[PDB]
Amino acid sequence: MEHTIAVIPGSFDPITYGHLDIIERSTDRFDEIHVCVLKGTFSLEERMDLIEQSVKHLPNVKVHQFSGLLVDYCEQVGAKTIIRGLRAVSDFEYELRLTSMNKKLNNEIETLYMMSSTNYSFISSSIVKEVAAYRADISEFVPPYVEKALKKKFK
């Protein structure tokens, strides 16, 4: 069928392996994946840098930013699909409310969810930044370039 683009939105503050698992699991299912960030501990430029480094190895992944509604981004770019991860019930209820709205905003865009893998269900940007603030080891939670940037941040 036709050319397909999916958009994976987030603040990526910073990007983690929780985020990359979803991105990686999505690259074989769409022609292109756009990782999209709006417009926190890392600046926009820094967050964009961390993502690009962390998805270097996935040639069908682009990193962009946008100031506007997500569904309007999808519409400019010709994406029909938003991809979101779910780890837990609090994610689930929140994501339900977002999609209910997005469907009002633009009914041609669908949101598809995938369940986080077993090992990553507990990771978020927040808790990684908490562990990094106490300088504990974060190598299992984030890629090597992001590991370096967190350690320099919480020096």
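When you see a residue number, it is the position in the sequence shown, counting from 1.
**Prompt:** Taking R97 and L98 as adjacent modelled residues, how many residues of the deposited sequence between them have no coordinates (none, 1 to 3, 4 to 9, 10 or more)?
**Reply:** Nothing is missing between them.
**Request:** Take the C-alpha B-factors listed in the entry for 102 to 110 and for 116 to 124, compute each mean, and give the stretch with the larger one.
**Result:** The recorded data point to 116 to 124.
**Prompt:** So among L70, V35, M48, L86, who wins on Cα B-factor in the entry?
**Reply:** Across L70, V35, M48, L86, the entry lists the biggest C-alpha B-factor for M48.
**Request:** Report the third (lowest, middle or highest) to which the CA temperature factor of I5 belongs, ranking only the modelled residues of the same chain.
**Result:** According to the entry, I5 has a C-alpha B-factor in the chain's lowest third.
**Item:** CA B-factor placement of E130, once the chain's modelled residues are sorted into thirds
**Value:** Within its chain, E130 is a middle-third residue by C-alpha B-factor, going by the deposited values.
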